[PDB]
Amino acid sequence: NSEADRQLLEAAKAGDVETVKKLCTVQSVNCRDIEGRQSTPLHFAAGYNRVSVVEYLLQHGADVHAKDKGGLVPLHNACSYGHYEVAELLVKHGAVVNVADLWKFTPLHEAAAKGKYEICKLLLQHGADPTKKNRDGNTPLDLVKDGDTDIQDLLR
């Protein structure tokens, strides 16, 4: 990566809005973290709950559907870490809710395994499929922690 893209990715991760605004161009808004998993700025902003940065990147042409090296999209990151507002922003901008990574994990697998009831609910309202099996043969329901009976009920 050029130094500028590196700084952009770090700023997206840190939620440094002003630096994002300075460095975000048509050429860099969908740049990829080559030294790592080829995450985009939107992958970082989504995973680290940087809401202002997520909104800015989306407005400026960031690809909600962009897959990293593992086939994860920013929605996977938001759901894994319980960032409800970010998840809603991505979904409202057309994010595919049944998107599957290289291991066939979906956002619902993430939200279910991580005990995020409201995100599970959001995903289901948008057509997320609780019967989708990952590479291990596990559905999102299969991944729910024993104590999370509310999420079990929701997904069943």
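Residue numbers run from 1 along the displayed sequence.
The stretch with the higher mean CA B factor, choosing between 37-45 and 23-31, is 23-31. A summary of the deposited B-factors shows that, of 14-22 and 142-150, the stretch with the larger mean C-alpha value is 142-150. Annotation for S52: C-alpha temperature factor in the middle third relative to the rest of the modelled chain, per the entry. For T131, the recorded CA temperature factor ranks within the highest third of the chain's modelled residues.
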